$ cat query.tsv   # TSV, C-alpha atoms and all ligand atoms
chain	number	residue	atom	x	y	z
A	124	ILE	CA	-94.52	91.25	-20.47
A	125	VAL	CA	-93.00	94.62	-19.35
A	126	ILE	CA	-89.90	95.36	-21.45
A	127	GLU	CA	-88.88	98.52	-19.55
A	128	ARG	CA	-86.08	100.11	-17.52
A	129	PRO	CA	-87.00	101.65	-14.12
A	130	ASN	CA	-85.28	104.16	-11.85
A	131	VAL	CA	-84.40	102.34	-8.63
A	132	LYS	CA	-80.81	103.15	-7.68
A	133	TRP	CA	-78.87	100.94	-5.32
A	134	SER	CA	-79.13	103.84	-2.86
A	135	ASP	CA	-82.90	103.31	-2.72
A	136	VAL	CA	-82.47	99.67	-1.81
A	137	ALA	CA	-81.65	99.77	1.87
A	138	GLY	CA	-79.49	97.11	3.46
A	139	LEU	CA	-78.57	94.09	1.34
A	140	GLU	CA	-74.87	94.96	1.10
A	141	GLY	CA	-73.93	91.47	0.01
A	142	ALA	CA	-76.86	91.01	-2.34
A	143	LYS	CA	-75.75	94.22	-3.90
A	144	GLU	CA	-72.16	93.12	-4.29
A	145	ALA	CA	-73.03	89.57	-5.31
A	146	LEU	CA	-75.28	91.04	-8.01
A	147	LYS	CA	-72.64	93.52	-9.16
A	148	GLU	CA	-70.08	90.74	-9.54
A	149	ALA	CA	-72.51	88.54	-11.52
A	150	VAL	CA	-74.48	91.08	-13.47
A	151	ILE	CA	-72.86	94.48	-13.84
A	152	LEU	CA	-69.14	93.66	-14.13
A	153	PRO	CA	-69.61	90.95	-16.76
A	154	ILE	CA	-71.37	93.59	-18.75
A	155	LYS	CA	-68.78	96.38	-18.27
A	156	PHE	CA	-65.65	94.25	-18.35
A	157	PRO	CA	-66.45	91.31	-20.66
A	158	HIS	CA	-62.79	90.32	-21.15
A	159	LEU	CA	-62.68	89.64	-17.43
A	160	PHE	CA	-65.46	87.06	-17.56
A	161	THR	CA	-64.40	84.87	-20.45
A	162	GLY	CA	-63.10	81.33	-20.50
A	163	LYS	CA	-63.24	79.85	-17.01
A	164	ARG	CA	-64.95	82.93	-15.55
A	165	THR	CA	-68.10	82.80	-17.66
A	166	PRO	CA	-70.75	84.35	-15.40
A	167	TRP	CA	-73.42	82.05	-14.01
A	168	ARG	CA	-76.56	81.47	-16.14
A	169	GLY	CA	-79.21	82.06	-13.49
A	170	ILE	CA	-79.39	83.64	-10.05
A	171	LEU	CA	-82.22	82.81	-7.69
A	172	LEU	CA	-83.25	85.49	-5.22
A	173	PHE	CA	-85.05	83.81	-2.34
A	174	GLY	CA	-86.13	84.29	1.24
A	175	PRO	CA	-89.05	85.65	3.32
A	176	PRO	CA	-91.61	87.82	1.53
A	177	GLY	CA	-91.32	91.55	1.25
A	178	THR	CA	-87.58	91.48	2.01
A	179	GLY	CA	-86.55	93.02	-1.27
A	180	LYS	CA	-86.57	90.38	-4.01
A	181	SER	CA	-88.70	92.12	-6.65
A	182	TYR	CA	-87.48	95.59	-5.57
A	183	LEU	CA	-83.80	94.72	-5.74
A	184	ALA	CA	-84.58	93.26	-9.18
A	185	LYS	CA	-85.49	96.70	-10.49
A	186	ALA	CA	-82.29	97.97	-8.92
A	187	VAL	CA	-80.18	95.85	-11.26
A	188	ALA	CA	-82.65	96.78	-13.97
A	189	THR	CA	-81.55	100.37	-13.59
A	190	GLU	CA	-77.89	99.69	-12.91
A	191	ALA	CA	-77.91	97.65	-16.14
A	192	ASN	CA	-75.95	99.89	-18.49
A	193	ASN	CA	-78.47	100.05	-21.34
A	194	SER	CA	-78.44	96.25	-21.09
A	195	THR	CA	-82.15	95.80	-21.88
A	196	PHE	CA	-84.24	94.37	-19.02
A	197	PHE	CA	-87.16	91.95	-19.33
A	198	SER	CA	-89.68	91.30	-16.57
A	199	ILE	CA	-92.47	88.69	-16.46
A	200	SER	CA	-94.48	87.14	-13.61
A	201	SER	CA	-97.18	84.63	-12.63
A	202	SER	CA	-99.84	85.31	-15.28
A	212	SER	CA	-100.91	78.75	-26.35
A	213	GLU	CA	-98.35	80.14	-23.85
A	214	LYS	CA	-95.50	79.63	-26.32
A	215	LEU	CA	-94.70	83.27	-25.56
A	216	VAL	CA	-91.85	81.87	-23.47
A	217	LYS	CA	-89.99	81.03	-26.68
A	218	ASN	CA	-90.89	84.54	-27.77
A	219	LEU	CA	-89.38	86.21	-24.65
A	220	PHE	CA	-85.88	84.75	-24.94
A	221	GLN	CA	-85.99	85.71	-28.59
A	222	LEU	CA	-86.00	89.51	-28.40
A	223	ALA	CA	-83.51	88.94	-25.58
A	224	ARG	CA	-80.95	87.22	-27.75
A	225	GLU	CA	-81.61	89.85	-30.42
A	226	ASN	CA	-80.66	92.59	-27.96
A	227	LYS	CA	-77.80	91.04	-25.96
A	228	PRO	CA	-76.50	91.82	-23.45
A	229	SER	CA	-79.92	91.38	-21.82
A	230	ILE	CA	-81.43	90.33	-18.47
A	231	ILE	CA	-84.52	88.27	-17.73
A	232	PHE	CA	-86.41	88.62	-14.47
A	233	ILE	CA	-89.17	86.18	-13.63
A	234	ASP	CA	-90.93	87.28	-10.43
A	235	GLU	CA	-92.29	84.57	-8.14
A	236	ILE	CA	-90.96	81.71	-10.25
A	237	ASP	CA	-92.57	79.45	-7.64
A	238	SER	CA	-95.65	80.00	-9.83
A	239	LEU	CA	-94.94	77.16	-12.25
A	240	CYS	CA	-94.87	74.22	-9.75
A	241	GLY	CA	-96.94	72.68	-6.94
A	242	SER	CA	-94.70	70.53	-4.72
A	243	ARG	CA	-96.91	70.59	-1.59
A	244	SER	CA	-100.48	69.35	-2.19
A	245	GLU	CA	-99.58	68.24	-5.74
A	246	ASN	CA	-101.22	71.19	-7.55
A	247	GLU	CA	-101.22	69.75	-11.06
A	248	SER	CA	-102.42	71.09	-14.42
A	249	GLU	CA	-102.31	69.42	-17.84
A	250	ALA	CA	-100.57	72.08	-19.94
A	251	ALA	CA	-98.80	73.74	-17.00
A	252	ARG	CA	-96.53	70.68	-17.25
A	253	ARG	CA	-96.10	71.85	-20.83
A	254	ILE	CA	-95.43	75.48	-19.90
A	255	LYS	CA	-92.60	74.48	-17.56
A	256	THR	CA	-90.66	72.35	-20.07
A	257	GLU	CA	-90.89	75.11	-22.68
A	258	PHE	CA	-88.54	77.24	-20.57
A	259	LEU	CA	-86.82	74.31	-18.88
A	260	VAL	CA	-85.41	73.66	-22.34
A	261	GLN	CA	-84.59	77.29	-23.16
A	262	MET	CA	-81.91	77.12	-20.43
A	263	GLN	CA	-79.39	75.50	-22.82
A	264	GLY	CA	-80.80	76.08	-26.30
A	265	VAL	CA	-79.58	74.35	-29.49
A	266	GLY	CA	-78.50	77.78	-30.76
A	267	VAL	CA	-76.61	78.45	-27.51
A	268	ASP	CA	-77.79	81.60	-25.70
A	269	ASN	CA	-74.07	81.88	-24.80
A	270	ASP	CA	-74.93	85.55	-25.25
A	271	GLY	CA	-74.63	87.96	-22.35
A	272	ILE	CA	-78.05	86.86	-21.06
A	273	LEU	CA	-78.82	86.19	-17.36
A	274	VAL	CA	-81.99	84.84	-15.77
A	275	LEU	CA	-83.17	86.26	-12.47
A	276	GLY	CA	-85.72	84.38	-10.44
A	277	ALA	CA	-87.62	85.53	-7.38
A	278	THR	CA	-89.40	83.44	-4.73
A	279	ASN	CA	-90.78	83.42	-1.17
A	280	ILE	CA	-91.47	79.68	-1.25
A	281	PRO	CA	-88.38	78.16	-2.97
A	282	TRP	CA	-88.76	74.64	-1.51
A	283	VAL	CA	-91.85	74.12	-3.64
A	284	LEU	CA	-89.53	74.47	-6.59
A	285	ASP	CA	-88.89	71.70	-9.09
A	286	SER	CA	-85.34	70.35	-9.07
A	287	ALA	CA	-85.65	70.64	-12.81
A	288	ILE	CA	-85.68	74.43	-12.60
A	289	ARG	CA	-84.00	74.87	-9.23
A	290	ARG	CA	-80.90	73.17	-10.70
A	291	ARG	CA	-80.63	75.58	-13.64
A	292	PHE	CA	-79.84	78.33	-11.13
A	293	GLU	CA	-76.28	77.62	-10.04
A	294	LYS	CA	-75.96	80.84	-8.03
A	295	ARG	CA	-78.65	81.38	-5.39
A	296	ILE	CA	-78.90	84.41	-3.07
A	297	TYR	CA	-80.80	84.85	0.20
A	298	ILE	CA	-82.65	88.11	0.89
A	299	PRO	CA	-83.12	88.55	4.67
A	300	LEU	CA	-85.40	90.50	6.92
A	301	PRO	CA	-83.91	94.01	7.33
A	302	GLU	CA	-81.70	94.72	10.32
A	303	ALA	CA	-82.12	97.74	12.51
A	304	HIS	CA	-80.23	100.37	10.48
A	305	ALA	CA	-81.87	99.07	7.34
A	306	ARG	CA	-85.38	99.57	8.65
A	307	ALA	CA	-84.64	103.15	9.77
A	308	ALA	CA	-83.42	104.06	6.29
A	309	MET	CA	-86.49	102.54	4.68
A	310	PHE	CA	-88.60	104.92	6.81
A	311	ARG	CA	-86.58	107.93	5.66
A	312	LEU	CA	-86.46	106.66	2.06
A	313	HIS	CA	-90.18	106.03	1.58
A	314	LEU	CA	-91.00	109.23	3.41
A	315	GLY	CA	-89.15	110.61	0.42
A	316	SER	CA	-89.00	114.39	-0.14
A	317	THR	CA	-92.40	114.96	1.34
A	318	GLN	CA	-93.17	117.65	3.95
A	319	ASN	CA	-92.68	116.14	7.45
A	320	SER	CA	-90.92	116.76	10.74
A	321	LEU	CA	-89.14	113.60	11.77
A	322	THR	CA	-85.67	113.92	13.26
A	323	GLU	CA	-82.81	111.45	12.85
A	324	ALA	CA	-83.34	110.25	16.37
A	325	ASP	CA	-86.91	109.55	15.25
A	326	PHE	CA	-86.02	107.33	12.37
A	327	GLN	CA	-83.61	105.41	14.51
A	328	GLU	CA	-86.38	105.01	17.14
A	329	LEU	CA	-88.79	103.74	14.44
A	330	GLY	CA	-86.07	101.35	13.31
A	331	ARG	CA	-85.79	99.98	16.80
A	332	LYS	CA	-89.58	99.66	17.01
A	333	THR	CA	-90.09	97.73	13.77
A	334	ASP	CA	-88.11	94.73	15.02
A	335	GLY	CA	-88.98	91.80	12.77
A	336	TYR	CA	-90.91	93.76	10.18
A	337	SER	CA	-90.18	93.21	6.50
A	338	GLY	CA	-89.52	95.98	4.04
A	339	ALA	CA	-92.98	95.70	2.53
A	340	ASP	CA	-94.53	96.04	5.98
A	341	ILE	CA	-92.74	99.33	6.57
A	342	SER	CA	-93.64	100.64	3.12
A	343	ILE	CA	-97.22	99.82	3.93
A	344	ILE	CA	-96.75	101.82	7.17
A	345	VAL	CA	-95.27	104.95	5.66
A	346	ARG	CA	-97.73	104.94	2.72
A	347	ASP	CA	-100.41	105.15	5.46
A	348	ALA	CA	-98.92	107.81	7.76
A	349	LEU	CA	-97.93	109.65	4.64
A	350	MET	CA	-101.67	109.96	3.90
A	351	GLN	CA	-102.35	111.45	7.33
A	352	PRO	CA	-102.14	115.11	6.28
A	353	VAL	CA	-104.60	114.34	3.53
A	354	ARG	CA	-107.20	112.96	5.90
A	355	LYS	CA	-106.81	115.89	8.26
A	356	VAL	CA	-107.44	118.25	5.35
A	357	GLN	CA	-110.47	116.45	4.02
A	358	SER	CA	-112.13	115.69	7.29
A	359	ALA	CA	-111.43	119.10	8.84
A	360	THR	CA	-114.13	121.43	10.20
A	361	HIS	CA	-111.99	124.52	10.96
A	362	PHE	CA	-109.05	126.24	9.30
A	363	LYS	CA	-106.62	128.78	10.81
A	364	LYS	CA	-105.04	131.34	8.49
A	365	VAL	CA	-101.28	130.63	8.75
A	366	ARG	CA	-98.30	132.19	6.96
A	367	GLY	CA	-96.08	130.12	4.66
A	368	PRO	CA	-94.54	129.84	1.15
A	369	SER	CA	-96.53	130.96	-1.91
A	370	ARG	CA	-98.00	127.94	-3.70
A	371	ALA	CA	-97.17	129.59	-7.01
A	372	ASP	CA	-93.67	130.73	-5.99
A	373	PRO	CA	-92.16	129.03	-2.90
A	374	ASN	CA	-89.66	131.79	-2.17
A	375	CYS	CA	-92.32	134.38	-1.31
A	376	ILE	CA	-94.07	133.94	2.11
A	377	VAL	CA	-97.70	135.13	2.36
A	378	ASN	CA	-99.56	135.33	5.75
A	379	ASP	CA	-102.54	134.02	3.78
A	380	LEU	CA	-102.48	130.24	3.64
A	381	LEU	CA	-105.13	128.16	5.36
A	382	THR	CA	-104.33	125.00	7.36
A	383	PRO	CA	-106.75	122.57	9.09
A	384	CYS	CA	-106.96	122.98	12.90
A	385	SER	CA	-109.02	121.95	15.94
A	386	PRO	CA	-112.29	123.91	16.47
A	387	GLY	CA	-110.86	124.91	19.84
A	388	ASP	CA	-107.92	126.93	18.48
A	389	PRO	CA	-107.32	130.72	18.31
A	390	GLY	CA	-107.98	131.93	14.78
A	391	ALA	CA	-110.15	128.96	13.81
A	392	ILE	CA	-112.42	129.88	10.87
A	393	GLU	CA	-115.73	128.01	10.34
A	394	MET	CA	-115.43	126.15	6.98
A	395	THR	CA	-114.30	122.94	5.28
A	396	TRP	CA	-111.82	122.33	2.49
A	397	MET	CA	-114.68	123.00	0.07
A	398	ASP	CA	-114.17	126.72	0.62
A	399	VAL	CA	-110.37	126.65	0.92
A	400	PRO	CA	-109.08	127.98	-2.45
A	401	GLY	CA	-106.96	125.64	-4.48
A	402	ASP	CA	-103.79	127.63	-4.11
A	403	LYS	CA	-104.06	128.67	-0.48
A	404	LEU	CA	-103.99	125.20	1.12
A	405	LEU	CA	-101.15	124.54	3.55
A	406	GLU	CA	-100.97	120.84	4.32
A	407	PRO	CA	-99.74	119.51	7.65
A	408	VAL	CA	-96.29	117.86	7.88
A	409	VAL	CA	-96.25	114.10	8.49
A	410	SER	CA	-95.11	113.68	12.06
A	411	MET	CA	-93.62	111.09	14.38
A	412	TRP	CA	-96.91	110.89	16.22
A	413	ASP	CA	-98.48	109.84	12.93
A	414	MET	CA	-95.90	107.23	11.94
A	415	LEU	CA	-96.26	105.71	15.36
A	416	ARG	CA	-100.02	105.52	15.13
A	417	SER	CA	-99.49	104.09	11.71
A	418	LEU	CA	-97.02	101.63	13.06
A	419	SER	CA	-99.37	100.43	15.83
A	420	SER	CA	-102.26	99.37	13.62
A	421	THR	CA	-99.89	97.05	11.73
A	422	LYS	CA	-98.04	93.95	12.98
A	423	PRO	CA	-95.25	91.83	11.43
A	424	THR	CA	-96.57	89.12	9.10
A	425	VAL	CA	-93.30	87.16	8.65
A	426	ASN	CA	-93.37	84.55	11.41
A	427	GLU	CA	-90.75	81.89	12.26
A	428	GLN	CA	-92.40	79.23	10.00
A	429	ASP	CA	-91.30	81.32	7.03
A	430	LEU	CA	-87.67	81.07	8.17
A	431	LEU	CA	-88.40	77.54	9.47
A	432	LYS	CA	-89.47	75.83	6.25
A	433	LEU	CA	-87.02	78.29	4.64
A	434	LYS	CA	-83.99	77.37	6.71
A	435	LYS	CA	-84.62	73.87	5.35
A	436	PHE	CA	-84.18	74.77	1.69
A	437	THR	CA	-80.98	76.66	2.61
A	438	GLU	CA	-79.27	73.63	4.13
A	439	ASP	CA	-80.78	70.78	2.16
A	440	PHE	CA	-80.12	72.36	-1.20
A	441	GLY	CA	-77.02	74.51	-0.83
A	442	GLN	CA	-75.72	75.68	-4.20
A	443	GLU	CA	-76.03	73.95	-7.60
A	444	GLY	CA	-79.57	75.16	-7.06
B	1	LIG	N1	-84.80	96.28	1.12
B	1	LIG	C1	-85.75	97.19	0.77
B	1	LIG	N2	-85.45	98.50	0.60
B	1	LIG	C2	-86.38	99.40	0.26
B	1	LIG	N3	-87.65	99.04	0.08
B	1	LIG	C3	-88.04	97.76	0.24
B	1	LIG	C4	-87.08	96.77	0.60
B	1	LIG	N4	-87.71	95.59	0.69
B	1	LIG	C5	-88.97	95.78	0.42
B	1	LIG	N5	-89.23	97.10	0.13
B	1	LIG	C6	-90.54	97.67	-0.21
B	1	LIG	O1	-91.46	96.61	-0.60
B	1	LIG	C7	-91.63	96.63	-2.04
B	1	LIG	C8	-90.88	95.51	-2.75
B	1	LIG	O2	-91.28	94.21	-2.27
B	1	LIG	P1	-90.46	93.03	-3.07
B	1	LIG	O3	-91.12	93.62	-4.25
B	1	LIG	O4	-89.12	93.61	-2.42
B	1	LIG	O5	-91.33	92.03	-2.09
B	1	LIG	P2	-90.93	90.44	-2.35
B	1	LIG	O6	-89.45	90.93	-1.89
B	1	LIG	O7	-91.35	90.68	-3.77
B	1	LIG	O8	-92.02	90.15	-1.23
B	1	LIG	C9	-91.13	97.98	-2.57
B	1	LIG	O9	-92.21	98.77	-3.04
B	1	LIG	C10	-90.43	98.64	-1.41
B	1	LIG	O10	-91.05	99.89	-1.14
$ encode --input "query.tsv" --output "structure tokens"
Amino acid sequence: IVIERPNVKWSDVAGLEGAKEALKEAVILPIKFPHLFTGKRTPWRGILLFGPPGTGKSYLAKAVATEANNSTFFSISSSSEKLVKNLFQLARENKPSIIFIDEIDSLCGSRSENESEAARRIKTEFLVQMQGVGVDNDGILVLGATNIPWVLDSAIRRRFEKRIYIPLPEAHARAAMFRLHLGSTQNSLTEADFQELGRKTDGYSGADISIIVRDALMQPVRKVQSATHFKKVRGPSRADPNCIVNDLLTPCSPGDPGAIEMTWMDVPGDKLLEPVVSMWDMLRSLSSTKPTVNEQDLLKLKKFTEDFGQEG
């Protein structure tokens, strides 16, 4: 449904050097330098991003969605469904355009034979759109995401000539994801800290880490809400940062010199000085969270890789 353009720069996507290049070569260059991809170099029709969950598929998708030079981006997902015909339409009308279908593994059921009457109808609607009588020769590419690609139907799988794997982040990659998600928020983690976190999250996916930071990140909020005492520290003016004040209030332990008796209720709106997210927090946040992506994922996944190679 969403017909937007996001703001996820390659920089934000950590790791995935090759995915990045592979996607530049098949999506961005053909757009910028059309004369280069004519004749025998017509870019592939559909790319299929696949691999363990939370490794970057959807995310990376938005990356190309931003790096698409005004080349309108269309995104749909698992959700009278002739609206498929309708999607490709506005797409051809606005070429060059991209189509991203998250978790394409939706329309299928190649395990326990999950079968529906008209879902067999929904598939073929699009399964036909791939060629089109009125050739969509246009600069239109179809992106497909999936964490369970083997359950895919050869019918669709084989309309994606170029397929890309999206792996579990390596060390350096993790570290950056910690710094990235932390964003520009007040904290106190040193480089050596990120690297140490990177080393600790061995085997975690990118979504796992994001789930971690989003938690630790909320640590200074809890401390402020659940506090019982507040010191009276000195720090930047809430209304004008470059003007220190010796007036701000910050939550602190009852057993601390300068500890006033009162909760956030009393703390004025513009005198609150929040704590900085710390390494002790991220670690506590890391502990109560364990990697989900087990070897089966890569196991039944390694299969698809070998037994299907390209041409799907
Ligand atoms: N390689 C990555 N770089 C930065 N963030 C990532 C990466 N992979 C996953 N994430 C995080 O997880 C989310 C995207 O998950 P995707 O949508 O990548 O999961 P799927 O890959 O869809 O399971 C984003 O919100 C992002 O914060």
$ axis_aligned_box --input "query.tsv" --around "ligand LIG 1 (chain B)" --padding-each-side "4 Å" --output "AutoDock Vina command-line options"
--center_x -88.5 --center_y 95.0 --center_z -1.6 --size_x 15.4 --size_y 17.7 --size_z 13.4
$ atom_distance --input "query.tsv" --atom1 "atom CA of residue A:350" --atom2 "atom CA of residue A:184"
27.2 Å
$ closest_residue --input "query.tsv" --among "A:192, A:342, A:202, A:238" --to "ligand LIG 1 (chain B)" --atoms "all atoms listed in the file"
A:342
$ atom_distance --input "query.tsv" --atom1 "atom CA of residue A:311" --atom2 "atom CA of residue A:326"
6.8 Å
$ closest_residue --input "query.tsv" --among "A:252, A:422, A:363, A:304" --to "ligand LIG 1 (chain B)" --atoms "only C-alpha atoms and all ligand atoms"
A:304
$ residues_near_ligand --input "query.tsv" --ligand "ligand LIG 1 (chain B)" --cutoff "9 Å" --atoms "only C-alpha atoms and all ligand atoms" --output "PyMOL selection string"
chain A and resi 134-139+172-185+234-235+277-279+298-301+305-306+308-310+312-313+337-343
$ atom_distance --input "query.tsv" --atom1 "atom CA of residue A:426" --atom2 "atom CA of residue A:140"
23.6 Å
$ closest_residue --input "query.tsv" --among "A:163, A:224, A:332, A:128" --to "residue A:197" --atoms "all atoms listed in the file"
A:128
$ residues_near_point --input "query.tsv" --point "(-76.9, 102.8, -9.3)" --cutoff "7 Å" --atoms "all atoms listed in the file" --output "PDB file with C-alpha atoms, keeping the file's coordinate frame"
ATOM      1  CA  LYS A 132     -80.810 103.150  -7.680  1.00  0.00           C
ATOM      2  CA  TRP A 133     -78.870 100.940  -5.320  1.00  0.00           C
ATOM      3  CA  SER A 134     -79.130 103.840  -2.860  1.00  0.00           C
ATOM      4  CA  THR A 189     -81.550 100.370 -13.590  1.00  0.00           C
ATOM      5  CA  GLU A 190     -77.890  99.690 -12.910  1.00  0.00           C
TER       6      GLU A 190
END
$ residues_around --input "query.tsv" --residues "residue A:442" --least-positions-apart "3" --cutoff "7 Å" --atoms "all atoms listed in the file" --output "list in words"
residues 293, 294 and 295 of chain A
$ residues_near_point --input "query.tsv" --point "(-100.8, 102.7, 12.2)" --cutoff "12 Å" --atoms "all atoms listed in the file" --output "ChimeraX atom specification"
/A:333,340-351,411-422
$ residues_around --input "query.tsv" --residues "residue A:357" --least-positions-apart "3" --cutoff "7 Å" --atoms "only C-alpha atoms" --output "list in words"
residues 353, 354 and 396 of chain A
$ residues_around --input "query.tsv" --residues "residue A:217" --least-positions-apart "3" --cutoff "9 Å" --atoms "all atoms listed in the file" --output "PyMOL selection string"
chain A and resi 213-214+220-221+257-258+261
$ closest_residue --input "query.tsv" --among "A:443, A:127, A:302, A:427" --to "residue A:199" --atoms "all atoms listed in the file"
A:127
$ residues_around --input "query.tsv" --residues "residue A:320" --least-positions-apart "3" --cutoff "8 Å" --atoms "only C-alpha atoms" --output "PyMOL selection string"
chain A and resi 408-411
$ closest_residue --input "query.tsv" --among "A:242, A:200, A:165, A:327" --to "residue A:281" --atoms "only C-alpha atoms"
A:242
$ closest_residue --input "query.tsv" --among "A:385, A:161, A:198, A:322" --to "residue A:269" --atoms "only C-alpha atoms"
A:161
$ residues_around --input "query.tsv" --residues "residue A:406" --least-positions-apart "2" --cutoff "10 Å" --atoms "all atoms listed in the file" --output "MDAnalysis selection string"
chainID A and resid 318 351:353 355:356 380:383 403:404 408:409
